[PDB]
Amino acid sequence: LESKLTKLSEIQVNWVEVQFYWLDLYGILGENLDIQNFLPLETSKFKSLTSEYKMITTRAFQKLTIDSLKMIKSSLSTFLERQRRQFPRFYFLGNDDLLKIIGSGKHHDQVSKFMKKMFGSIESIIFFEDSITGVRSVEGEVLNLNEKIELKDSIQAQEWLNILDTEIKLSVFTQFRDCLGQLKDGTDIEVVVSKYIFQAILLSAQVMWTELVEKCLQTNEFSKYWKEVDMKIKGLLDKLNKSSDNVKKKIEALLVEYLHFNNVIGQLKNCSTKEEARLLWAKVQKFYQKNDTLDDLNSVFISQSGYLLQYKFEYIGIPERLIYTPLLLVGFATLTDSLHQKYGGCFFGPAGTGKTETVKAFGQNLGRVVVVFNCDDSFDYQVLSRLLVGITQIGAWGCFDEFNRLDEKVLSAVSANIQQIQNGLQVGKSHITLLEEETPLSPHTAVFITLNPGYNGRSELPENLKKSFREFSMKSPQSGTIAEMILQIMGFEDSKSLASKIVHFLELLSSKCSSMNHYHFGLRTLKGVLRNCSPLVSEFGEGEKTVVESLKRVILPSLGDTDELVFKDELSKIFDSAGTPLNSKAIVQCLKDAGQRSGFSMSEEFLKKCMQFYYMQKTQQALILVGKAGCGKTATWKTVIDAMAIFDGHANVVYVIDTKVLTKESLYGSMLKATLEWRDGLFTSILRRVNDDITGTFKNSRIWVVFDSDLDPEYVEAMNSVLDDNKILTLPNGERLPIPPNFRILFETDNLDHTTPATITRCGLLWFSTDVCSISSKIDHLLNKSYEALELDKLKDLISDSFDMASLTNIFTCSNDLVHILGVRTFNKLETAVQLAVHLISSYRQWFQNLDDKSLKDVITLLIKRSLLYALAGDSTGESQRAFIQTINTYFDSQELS
Amino acid sequence: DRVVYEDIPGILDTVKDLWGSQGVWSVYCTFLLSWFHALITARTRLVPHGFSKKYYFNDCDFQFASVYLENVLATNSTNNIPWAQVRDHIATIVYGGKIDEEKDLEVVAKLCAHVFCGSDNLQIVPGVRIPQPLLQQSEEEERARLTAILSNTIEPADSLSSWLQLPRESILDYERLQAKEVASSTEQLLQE
Amino acid sequence: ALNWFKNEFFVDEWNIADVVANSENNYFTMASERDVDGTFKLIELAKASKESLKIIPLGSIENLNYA
Ligand SMILES: Nc1ncnc2c1ncn2[C@@H]1O[C@H](COP(=O)(O)OP(=O)(O)OP(=O)(O)O)[C@@H](O)[C@H]1O
Ligand SMILES: Nc1ncnc2c1ncn2[C@@H]1O[C@H](COP(=O)(O)OP(=O)(O)O)[C@@H](O)[C@H]1O
Ligand SMILES: [Mg+2]
């Protein structure tokens with residue numbers, strides 16, 4: 001009754017979906033009062049659907065309803081748009097999530113799950129007997145609100161969401177104010193860092209630093225404050241090793257900021273006169289504070305090179321702070337210069353140079369999270385303008401990542417909208433008119449674009465659009481400062497020399513290797529090396545061994561034949577020693593068990609590739625597998641998946657998707673232009689299914705998505721916000737689907753000629769220089785697989801004995817010189833030979849109970865000869881087939897095959 | 001009706017156009033800025049030697065430099081004008097934002113150091129000498145004085161070489177190639 | 001020597017303001033090479049002549065209907 005069970009499961013799933021839709025309909029119209037009078041025809045249709053659902057429920061207790069609900073879903077679009085206009089942050093949600101959040105009449109718990117989508121840095125909401133106590137950040141930090149907010153039973157979602165939005169700003173300001181007062185009282189930051197949230201401590205420390213630096217500039221002494229900041233840094237580094245995880249993150253971020261403070265003070269100390277000292281002080285970012293402001297939230301303003309910007313006091317949690325390179329400071333300066341006249345800050349340069357992260361760091365320094373969009377050809381004028389009117393109402397800063405990917409027509413069409421937004425911001429217009437709909441304009445909004453010019457399949461910005469932005473170039477980032485500061489944060493003893501050695505070794509590997517199209521060794525690989533070295537400190541310590549092990553595990557699997565020898569020579573030359581490799585006994589045993597149960601044979605190269613893949617994926621989230629056709633990529637990752645399932649016990653689900661078989665509209669999605677609803681694609685559907693977690697097992701299971709096709713750029717840089725550390729999928733309709741930590745993406749391809757650097761650096765690449773399996777091992781495994789697909793033991797033994805290694809290898813080497821149409825390597829054709837021979841023996845086994853051993857062996861040898869002929873020289877002419885049958889006759893007591 | 005829009009070739013004509021488009025120190029700073037913009041736009045044309053590639057400086061850069069200059073003059077009103085700070089901001093942020101290479105950044109910094117040097121006996125070009133403003137003059141008188149000292153300037157035949165401070169070989173090569181192209185085209189057109 | 005002919009023979013030059021002010025045509029077509037624009041020139045001319053420009057870029061069907 002498997003078919004009956006499947007039908008029952010499908011009916012149960014459909015009934016669950018219909019029940020959820022009916023619950024949403026009851027929440028939006030059937031439960032709330034003074035809400036059916038907005039649309040009378042829709043109210044009557046909802047009443048009829050309610051009557052039909054009640055009749056169906058009574059019949060079940062004693063498809064048409066779902067179809068009716070889907071049909072009346074079109075009539076709810078105007079109400080959903082009005083609801084979005086009520087609370088501006090709802091523009092980052094789809095229609096289904098909007099119904100879910102508006103149908104929560106009294107449960108008030110589905111709102112908490114969406115806080116990452118609406119806000120960006122808030123995960124859940126703390127509840128205490130029907131009262132919100134505070135909001136919880138993504139990184140585990142707990143914020144307690146200034147005062148508790150009571151919830152009414154008949155209250156609406158958007159009103160209490162707005163008062164929570166204002167209460168968060170008020171609470172963050174209160175924590176900043178009393179933290180700054182405590183630091184003004186003369187206490188040390190070591191006792192404050194375990195009391196308040198990270199943002200308040202950071203802002204108070206920056207204000208204190210700029211006040212003390214200006215006081216020191218009123219004189220000409222700098223040594224005392226430099227020594228004091230050095231002692232504070234040493235104390236924070238001492239406190240780092242003896243604290244919990246949240247305090248560890250907070251102390252790491254404050255140590256980054258204090259290292260920047262010490263760098264600025266040291267640069268100011270090395271001045272010769274006072275004019276250059278004042279110039280250098282004006283070049284860096286300052287955090288002043290109003291002294292006579294009657295409004296609390298506008299009491300902190302940021303000054304840099306004479307321009308002033310307002311602090312928004314929005315909760316950001318504990319983000320991954322960035323190392324303040326001089327290029328980053330100049331980028332902040334030009335961003336402030338652009339935003340002084342409400343223009344759009346623009347960054348152009350090669351990939352992996354720190355553009356989107358620089359914009360995000362600027363936003364975090366301005367105390368607001370920056371929503372990032374991933375532009376694509378499917379972003380037509382209506383979708384992009386809807387995103388713009390979504391970000392104008394909220395006031396959040398929009399960073400249109402990969403702005404070149406837009407179609408040129410959309411680029412020219414949105415110029416009027418961008419100019420209108422800029423003019424409304426500059427002239428102080430209360431309302432603007434986009435899409436024939438007057439909308440409010442929050443004065444805090446801004447737009448940024450980060451484009452990567454000079455690439456294949458990328459459009460060019462028209463000059464009438466480029467005049468509304470301010471291009472800044474970041475071709476050359478400072479890897480040395482980033483490496484030094486991060487390694488000092490981690491706790492390495494000799495940070496400066498180790499970072500200089502790392503950077504010099506990276507440049508040596510970039511400049512002294514075979515120039516192939518995927519050897520990209522910029523900043524992303526260095527960041528990956530440091531992130532992989534972070535777990536290694538537990539079992540290798542802070543030293544050279546951790547660095548060389550991380551360099552191996554990150555860089556080595558993406559190298560060829562001579563390049564890995566060059567890398568090993570450089571590693572021995574530039575570093576003092578190479579550490580003892582990991583024991584890795586358990587993972588090797590699990591891999592060998594998985595290969596034994598999968599029929600593969602563990603050679604040296606295949607086991608090396610599997611171990612490299614495992615150690616690469618342990619930190620990296622998205623991987624690209626590159627090699628020849630029929631090299632063993634699928635076998636490698638399937639075997640490693642089975643090994644992981646054996647070792648950890650977590651169940652694995654694999655969702656193999658072929659990229660080029662499907663169009664983009666069927667892969668990610670497509671806006672239905674008939675009446676503007678979002679139809680899910682396939683990858684988006686998988687992501688939403690794993691995010692919602694109806695089944696309840698994806699929390700304790702790994703999810704692997706394989707893109708088993710070529711890397712078409714038009715398909716791959718639609719995911720640039722997914723591959724990088726953003727870990728969100730920015731849909732056209734504003735839906736921000738996050739990427740869970742157990743969601744990994746594998747790319748299975750053969751060539752990288754048409755791909756772009758924007759996706760090679762984002763993934764840990766794995767290169768297959770040659771085949772992972774020998775000929776004889778592959779033949780043995782194929783024979784075992786064909787036998788498993790089915791006296792018999794004696795027949796199998798004699799068949800395996802007939803495949804003599806020397807004769808078979810001689811025949812395979814002799815077959816290479818023939819002229820082949822539709823050229824295939826003889827490695828790939830062995831599957832046909834094995835399957836054909838096994839099927840012929842299986843077909844002729846019915847008369848094998850009454851034959852002598854010699855005759856049986858001769859017949860089986862003849863069938864094997866025929867199968868080898870027709871699977872090796874099958875695509876050749878008659879003369880070549882005659883030459884090959886003569887050759888196989890010579891190279892094998894065997895029965896003659898003519 | 002058809003109109004083709006192109007940048008003005010003459011340096012002096014560019015200065016006159018930017019002056020006609022537009023505290024006495026604000027007028028002095030915008031005059032020096034107009035001269036700097038004209039010089040850098042003239043140097044932009046020479047691709048092998050003036051820069052490393054083809055750049056495009058438009059009115060937005062001039063507007064931002066003017067706004068930054070008036071903001072620095074307004075805020076730093078103690079008459080001690082931070083010329084080094086203005087030089088760094090203009091050569092790095094405003095006019096140096098679009099610059100991708102490093103040699104072009106160096107030549108922009110050199111041009112800004114020559115133009116915005118902040119010396120009383122300022123000599124931006126071998127012909128025109130601009131004295132700094134006095135503290136006892138009016139805005140209209142200042143504008144009249146600057147227009148008068150701009151009117152008396154005569155552009156020499158080697159303005160593409162002598163005014164931009166460049167060796168004559170590159171200018172001679174570029175002008176020779178352009179003259180050869182236009183003369184060959186008009187020779188082909190004149191016969192028929 | 002190249003522009004000596006223009007300097008000597010011709011004693012008049014026409015800019016955008018003159019060609020706009022001295023043309024019977026109600027439609028003008030403006031052209032330039034890539035990565036340069038003269039929209040600010042037309043905005044300045046409209047401001048000096050005390051008129052209103054409706055800047056409408058092309059490329060999309062909604063903007064075409066508005067045009
Ligand atoms: N270590 C091994 N032991 C036994 N068989 C192996 C081994 N490695 C690879 N093979 C065999 O190699 C054959 C081809 O490899 P595989 O199926 O993994 O290709 P692939 O990476 O998916 O290639 P492509 O996607 O380019 O077609 C398979 O039939 C597999 O059984
Ligand atoms: N202090 C830093 N400065 C610059 N970049 C950094 C720093 N720390 C980390 N990075 C890395 O820089 C990368 C920025 O990516 P980016 O090049 O902006 O992407 P895109 O080109 O798509 O905008 C991040 O992946 C991050 O790992
Ligand atoms: Mg980016």
# chains A, B, ... in the order shown; residues from 1 in each chain; ligands from 1
>>> interface_residues(of="chain A", to="chain B", cutoff="12 Å", atoms="only C-alpha atoms", output="MDAnalysis selection string")
chainID A and resid 274:284 304:308 327 329:341 343 345:350 453 463:464 466:476
>>> write_last_selection(atoms="C-alpha atoms", output="compact mmCIF listing (two decimals), in the first residue's frame")
# COMPACT_ATOMS: atom_id res chain seq x y z
CA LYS A 274 51.38 71.14 13.98
CA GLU A 275 49.87 71.86 10.55
CA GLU A 276 50.30 68.28 9.34
CA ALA A 277 49.08 67.02 12.73
CA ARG A 278 45.89 69.05 12.37
CA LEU A 279 45.50 67.85 8.77
CA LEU A 280 45.86 64.21 9.82
CA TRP A 281 43.38 64.74 12.66
CA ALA A 282 40.90 66.28 10.23
CA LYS A 283 41.35 63.33 7.86
CA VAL A 284 40.22 60.74 10.43
CA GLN A 304 35.11 63.94 9.26
CA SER A 305 36.98 66.49 7.11
CA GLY A 306 34.55 69.23 8.10
CA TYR A 307 31.31 67.40 7.25
CA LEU A 308 28.73 66.32 9.82
CA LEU A 327 42.07 52.91 2.29
CA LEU A 329 39.46 55.72 6.10
CA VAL A 330 39.71 57.42 2.69
CA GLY A 331 36.59 55.51 1.62
CA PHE A 332 34.77 56.75 4.71
CA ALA A 333 35.92 60.28 3.86
CA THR A 334 34.58 60.11 0.31
CA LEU A 335 31.34 58.52 1.56
CA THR A 336 30.84 61.44 3.95
CA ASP A 337 31.70 63.83 1.10
CA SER A 338 29.06 62.21 -1.12
CA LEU A 339 26.44 62.11 1.65
CA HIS A 340 26.95 65.77 2.59
CA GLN A 341 24.86 66.67 -0.48
CA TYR A 343 24.27 61.96 -3.37
CA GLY A 345 28.46 56.89 -2.64
CA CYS A 346 29.88 54.74 -5.42
CA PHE A 347 32.75 52.24 -5.24
CA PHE A 348 34.28 50.67 -8.34
CA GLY A 349 37.16 48.23 -8.58
CA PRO A 350 38.08 44.55 -8.85
CA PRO A 453 33.61 47.24 -14.15
CA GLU A 463 26.73 59.18 -17.83
CA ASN A 464 23.39 60.73 -16.83
CA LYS A 466 26.99 58.31 -13.17
CA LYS A 467 26.60 62.05 -12.55
CA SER A 468 24.33 61.19 -9.59
CA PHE A 469 27.01 59.01 -7.96
CA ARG A 470 30.61 59.56 -6.86
CA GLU A 471 33.05 56.91 -8.04
CA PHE A 472 35.87 55.88 -5.70
CA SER A 473 38.53 53.33 -6.61
CA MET A 474 39.72 50.53 -4.30
CA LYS A 475 42.03 48.63 -6.65
CA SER A 476 44.74 48.14 -4.02
>>> residues_near_ligand(ligand="ligand 1", cutoff="8 Å", atoms="only C-alpha atoms and all ligand atoms", output="count of residues only")
34
>>> residues_near_ligand(ligand="ligand 3", cutoff="10 Å", atoms="only C-alpha atoms and all ligand atoms", output="PDB file with N, CA and C atoms, in the first residue's frame")
ATOM      1  N   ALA A 351      36.968  42.657  -7.872  1.00  0.00           N
ATOM      2  CA  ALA A 351      36.274  41.917  -6.829  1.00  0.00           C
ATOM      3  C   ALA A 351      37.231  41.530  -5.707  1.00  0.00           C
ATOM      4  N   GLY A 352      36.669  41.337  -4.520  1.00  0.00           N
ATOM      5  CA  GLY A 352      37.461  40.995  -3.353  1.00  0.00           C
ATOM      6  C   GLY A 352      38.394  42.089  -2.880  1.00  0.00           C
ATOM      7  N   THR A 353      37.915  43.330  -2.824  1.00  0.00           N
ATOM      8  CA  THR A 353      38.713  44.442  -2.331  1.00  0.00           C
ATOM      9  C   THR A 353      38.074  45.173  -1.161  1.00  0.00           C
ATOM     10  N   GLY A 354      36.901  44.746  -0.704  1.00  0.00           N
ATOM     11  CA  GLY A 354      36.286  45.378   0.446  1.00  0.00           C
ATOM     12  C   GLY A 354      35.459  46.600   0.112  1.00  0.00           C
ATOM     13  N   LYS A 355      34.434  46.434  -0.723  1.00  0.00           N
ATOM     14  CA  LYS A 355      33.526  47.524  -1.066  1.00  0.00           C
ATOM     15  C   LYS A 355      32.221  47.444  -0.280  1.00  0.00           C
ATOM     16  N   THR A 356      31.508  46.320  -0.398  1.00  0.00           N
ATOM     17  CA  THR A 356      30.264  46.142   0.342  1.00  0.00           C
ATOM     18  C   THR A 356      30.515  46.138   1.842  1.00  0.00           C
ATOM     19  N   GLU A 357      31.606  45.508   2.277  1.00  0.00           N
ATOM     20  CA  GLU A 357      31.934  45.524   3.695  1.00  0.00           C
ATOM     21  C   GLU A 357      32.348  46.910   4.164  1.00  0.00           C
ATOM     22  N   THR A 358      32.999  47.699   3.306  1.00  0.00           N
ATOM     23  CA  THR A 358      33.302  49.081   3.672  1.00  0.00           C
ATOM     24  C   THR A 358      32.026  49.896   3.842  1.00  0.00           C
ATOM     25  N   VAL A 359      31.051  49.698   2.950  1.00  0.00           N
ATOM     26  CA  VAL A 359      29.767  50.383   3.082  1.00  0.00           C
ATOM     27  C   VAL A 359      29.061  49.957   4.366  1.00  0.00           C
ATOM     28  N   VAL A 372      21.398  45.269   1.949  1.00  0.00           N
ATOM     29  CA  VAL A 372      22.163  45.078   0.724  1.00  0.00           C
ATOM     30  C   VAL A 372      21.294  44.343  -0.289  1.00  0.00           C
ATOM     31  N   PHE A 373      21.298  44.827  -1.527  1.00  0.00           N
ATOM     32  CA  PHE A 373      20.564  44.210  -2.619  1.00  0.00           C
ATOM     33  C   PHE A 373      21.539  43.648  -3.641  1.00  0.00           C
ATOM     34  N   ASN A 374      21.155  42.539  -4.258  1.00  0.00           N
ATOM     35  CA  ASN A 374      21.955  41.894  -5.293  1.00  0.00           C
ATOM     36  C   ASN A 374      21.226  42.078  -6.618  1.00  0.00           C
ATOM     37  N   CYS A 399      22.395  49.552  -0.235  1.00  0.00           N
ATOM     38  CA  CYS A 399      23.665  49.331  -0.919  1.00  0.00           C
ATOM     39  C   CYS A 399      23.414  48.340  -2.048  1.00  0.00           C
ATOM     40  N   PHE A 400      23.212  48.860  -3.256  1.00  0.00           N
ATOM     41  CA  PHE A 400      22.934  48.012  -4.406  1.00  0.00           C
ATOM     42  C   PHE A 400      24.201  47.310  -4.872  1.00  0.00           C
ATOM     43  N   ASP A 401      24.494  46.152  -4.286  1.00  0.00           N
ATOM     44  CA  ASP A 401      25.688  45.402  -4.649  1.00  0.00           C
ATOM     45  C   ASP A 401      25.564  44.886  -6.077  1.00  0.00           C
ATOM     46  N   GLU A 402      26.690  44.895  -6.796  1.00  0.00           N
ATOM     47  CA  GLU A 402      26.780  44.446  -8.187  1.00  0.00           C
ATOM     48  C   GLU A 402      25.798  45.213  -9.076  1.00  0.00           C
ATOM     49  N   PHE A 403      25.997  46.531  -9.129  1.00  0.00           N
ATOM     50  CA  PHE A 403      25.097  47.399  -9.878  1.00  0.00           C
ATOM     51  C   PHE A 403      25.290  47.280 -11.384  1.00  0.00           C
ATOM     52  N   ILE A 449      26.017  52.332  -4.383  1.00  0.00           N
ATOM     53  CA  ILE A 449      26.211  51.317  -5.408  1.00  0.00           C
ATOM     54  C   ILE A 449      27.660  50.860  -5.369  1.00  0.00           C
ATOM     55  N   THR A 450      27.872  49.567  -5.592  1.00  0.00           N
ATOM     56  CA  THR A 450      29.208  48.977  -5.659  1.00  0.00           C
ATOM     57  C   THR A 450      29.254  48.119  -6.918  1.00  0.00           C
ATOM     58  N   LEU A 451      29.879  48.637  -7.968  1.00  0.00           N
ATOM     59  CA  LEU A 451      29.947  47.952  -9.248  1.00  0.00           C
ATOM     60  C   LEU A 451      31.370  47.484  -9.517  1.00  0.00           C
ATOM     61  N   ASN A 452      31.485  46.436 -10.331  1.00  0.00           N
ATOM     62  CA  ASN A 452      32.766  45.836 -10.702  1.00  0.00           C
ATOM     63  C   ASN A 452      32.907  45.952 -12.213  1.00  0.00           C
ATOM     64  N   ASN A 720      25.505  36.374  -5.454  1.00  0.00           N
ATOM     65  CA  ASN A 720      26.685  36.976  -4.839  1.00  0.00           C
ATOM     66  C   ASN A 720      26.441  37.354  -3.386  1.00  0.00           C
ATOM     67  N   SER A 721      25.195  37.648  -3.022  1.00  0.00           N
ATOM     68  CA  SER A 721      24.852  37.877  -1.627  1.00  0.00           C
ATOM     69  C   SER A 721      24.736  36.585  -0.830  1.00  0.00           C
ATOM     70  N   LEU A 723      26.857  33.616  -1.613  1.00  0.00           N
ATOM     71  CA  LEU A 723      28.191  33.029  -1.502  1.00  0.00           C
ATOM     72  C   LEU A 723      29.050  33.743  -0.462  1.00  0.00           C
ATOM     73  N   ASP A 724      28.950  35.066  -0.372  1.00  0.00           N
ATOM     74  CA  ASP A 724      29.817  35.823   0.525  1.00  0.00           C
ATOM     75  C   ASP A 724      29.300  35.718   1.961  1.00  0.00           C
ATOM     76  N   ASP A 725      29.842  36.545   2.855  1.00  0.00           N
ATOM     77  CA  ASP A 725      29.489  36.480   4.268  1.00  0.00           C
ATOM     78  C   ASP A 725      28.154  37.140   4.588  1.00  0.00           C
ATOM     79  N   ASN A 726      27.492  37.756   3.604  1.00  0.00           N
ATOM     80  CA  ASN A 726      26.157  38.299   3.836  1.00  0.00           C
ATOM     81  C   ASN A 726      25.164  37.195   4.176  1.00  0.00           C
ATOM     82  N   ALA A 758      34.350  37.275  -9.741  1.00  0.00           N
ATOM     83  CA  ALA A 758      33.434  37.612  -8.658  1.00  0.00           C
ATOM     84  C   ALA A 758      32.885  36.385  -7.945  1.00  0.00           C
TER      85      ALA A 758
END
>>> residues_around(residues="stretch 41-53 of chain C", least_positions_apart="4", cutoff="9 Å", atoms="only C-alpha atoms", output="list in words")
residues 16, 17 and 37 of chain C
>>> residues_around(residues="residue C:30", least_positions_apart="2", cutoff="7 Å", atoms="only C-alpha atoms", output="JSON list (two decimals) with N, CA, C and O atoms, in the first residue's frame")
[["chain", "number", "residue", "atom", "x", "y", "z"],
["B", 2, "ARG", "N", 20.46, 69.77, -35.04],
["B", 2, "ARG", "CA", 21.49, 68.92, -34.47],
["B", 2, "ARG", "C", 22.58, 69.76, -33.82],
["B", 2, "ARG", "O", 23.07, 70.72, -34.43],
["B", 3, "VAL", "N", 22.95, 69.41, -32.59],
["B", 3, "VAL", "CA", 24.04, 70.06, -31.87],
["B", 3, "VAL", "C", 24.92, 68.97, -31.27],
["B", 3, "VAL", "O", 24.41, 68.05, -30.62],
["B", 4, "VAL", "N", 26.22, 69.07, -31.49],
["B", 4, "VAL", "CA", 27.19, 68.13, -30.92],
["B", 4, "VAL", "C", 27.90, 68.84, -29.77],
["B", 4, "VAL", "O", 28.44, 69.94, -29.95],
["B", 5, "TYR", "N", 27.91, 68.20, -28.60],
["B", 5, "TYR", "CA", 28.49, 68.78, -27.40],
["B", 5, "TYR", "C", 29.86, 68.17, -27.13],
["B", 5, "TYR", "O", 30.00, 66.95, -27.07],
["C", 28, "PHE", "N", 15.27, 69.84, -30.95],
["C", 28, "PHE", "CA", 16.72, 69.85, -31.04],
["C", 28, "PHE", "C", 17.25, 68.48, -30.63],
["C", 28, "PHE", "O", 16.79, 67.89, -29.66]]
>>> interface_residues(of="chain B", to="chain C", cutoff="12 Å", atoms="only C-alpha atoms", output="ChimeraX atom specification")
/B:1-10,17,21-22,54-60,63,157-158,175-176,178-183,186
>>> select_by_dssp(residues="stretch 7-168 of chain B", states="helix (DSSP H, G or I)", output="PyMOL selection string")
chain B and resi 11-21+24-45+59-75+83-94+103-115+139-151+159-163+168
>>> closest_atom_pairs(of="chain A", to="chain C", cutoff="7 Å", atoms="only C-alpha atoms", output="CSV")
residue,atom,partner,partner_atom,distance
A:381,CA,C:60,CA,6.7
A:409,CA,C:59,CA,4.5
A:410,CA,C:59,CA,6.5
A:412,CA,C:59,CA,6.2
A:413,CA,C:59,CA,5.4
A:416,CA,C:56,CA,6.7
A:462,CA,C:35,CA,6.8
A:463,CA,C:35,CA,5.0
A:464,CA,C:37,CA,6.5
>>> write_last_selection(atoms="N, CA and C atoms", output="compact mmCIF listing (two decimals), in the first residue's frame")
# COMPACT_ATOMS: atom_id res chain seq x y z
N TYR A 381 12.40 47.67 -14.26
CA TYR A 381 12.18 49.00 -13.71
C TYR A 381 11.20 48.97 -12.54
N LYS A 409 18.66 49.14 -19.95
CA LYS A 409 17.40 49.88 -20.03
C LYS A 409 16.89 50.25 -18.64
N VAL A 410 16.96 49.31 -17.70
CA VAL A 410 16.58 49.60 -16.32
C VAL A 410 17.52 50.64 -15.72
N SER A 412 19.06 53.11 -17.25
CA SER A 412 18.67 54.44 -17.71
C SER A 412 17.30 54.85 -17.19
N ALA A 413 16.39 53.89 -16.99
CA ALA A 413 15.04 54.24 -16.56
C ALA A 413 15.01 54.67 -15.09
N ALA A 416 15.76 58.70 -13.42
CA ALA A 416 14.79 59.70 -12.99
C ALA A 416 14.37 59.48 -11.54
N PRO A 462 25.22 54.58 -17.82
CA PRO A 462 25.17 55.81 -18.61
C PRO A 462 25.63 57.01 -17.79
N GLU A 463 26.15 58.02 -18.50
CA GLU A 463 26.73 59.18 -17.83
C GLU A 463 25.68 59.97 -17.05
N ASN A 464 24.44 60.02 -17.55
CA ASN A 464 23.39 60.73 -16.83
C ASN A 464 23.03 60.04 -15.52
>>> atom_distance(atom1="atom CA of residue B:118", atom2="atom CA of residue B:74")
17.6 Å
>>> residues_around(residues="residue A:36", least_positions_apart="5", cutoff="12 Å", atoms="only C-alpha atoms", output="ChimeraX atom specification")
/A:25-31,41-47,76,79
>>> atom_distance(atom1="atom CA of residue A:682", atom2="atom CA of residue A:656")
11.0 Å
>>> residues_around(residues="residue A:182", least_positions_apart="6", cutoff="10 Å", atoms="only C-alpha atoms", output="PyMOL selection string")
chain A and resi 176+188-189+192+204
>>> write_last_selection(atoms="N, CA and C atoms", output="PDB file, in the first residue's frame")
ATOM      1  N   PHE A 176      23.872  54.042  25.974  1.00  0.00           N
ATOM      2  CA  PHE A 176      25.016  54.858  25.579  1.00  0.00           C
ATOM      3  C   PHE A 176      25.249  55.992  26.565  1.00  0.00           C
ATOM      4  N   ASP A 188      37.390  52.159  34.465  1.00  0.00           N
ATOM      5  CA  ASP A 188      37.993  51.499  33.320  1.00  0.00           C
ATOM      6  C   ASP A 188      36.929  50.762  32.514  1.00  0.00           C
ATOM      7  N   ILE A 189      37.248  50.507  31.243  1.00  0.00           N
ATOM      8  CA  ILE A 189      36.307  49.835  30.349  1.00  0.00           C
ATOM      9  C   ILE A 189      36.224  48.338  30.601  1.00  0.00           C
ATOM     10  N   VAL A 192      33.096  47.852  32.419  1.00  0.00           N
ATOM     11  CA  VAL A 192      31.935  48.263  31.638  1.00  0.00           C
ATOM     12  C   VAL A 192      31.623  47.242  30.547  1.00  0.00           C
ATOM     13  N   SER A 204      30.541  55.155  23.189  1.00  0.00           N
ATOM     14  CA  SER A 204      31.097  55.907  24.308  1.00  0.00           C
ATOM     15  C   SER A 204      32.620  55.932  24.256  1.00  0.00           C
TER      16      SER A 204
END
>>> atom_distance(atom1="atom CA of residue A:73", atom2="atom CA of residue A:696")
27.7 Å
>>> decode(residues="stretch 34-41 of chain C", atoms="N, CA and C atoms", output="short mmCIF file (atom, residue, chain, number, x, y, z; two decimals), in the first residue's frame")
data_model
loop_
_atom_site.label_atom_id
_atom_site.label_comp_id
_atom_site.auth_asym_id
_atom_site.auth_seq_id
_atom_site.Cartn_x
_atom_site.Cartn_y
_atom_site.Cartn_z
N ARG C 34 30.57 58.66 -25.42
CA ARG C 34 30.23 57.99 -24.17
C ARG C 34 30.96 58.63 -22.99
N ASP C 35 30.38 58.44 -21.80
CA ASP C 35 30.94 58.91 -20.53
C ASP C 35 31.12 60.43 -20.50
N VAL C 36 30.23 61.16 -21.17
CA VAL C 36 30.13 62.60 -21.03
C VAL C 36 28.70 62.99 -21.37
N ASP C 37 28.20 64.04 -20.72
CA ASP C 37 26.83 64.47 -20.93
C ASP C 37 26.75 65.98 -20.86
N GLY C 38 25.75 66.54 -21.54
CA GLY C 38 25.54 67.97 -21.54
C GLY C 38 24.17 68.34 -21.00
N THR C 39 23.63 67.50 -20.12
CA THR C 39 22.33 67.79 -19.52
C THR C 39 22.39 69.03 -18.63
N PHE C 40 23.52 69.24 -17.95
CA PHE C 40 23.66 70.43 -17.12
C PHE C 40 23.66 71.70 -17.95
N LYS C 41 24.19 71.65 -19.17
CA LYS C 41 24.14 72.81 -20.05
C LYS C 41 22.70 73.18 -20.40
#
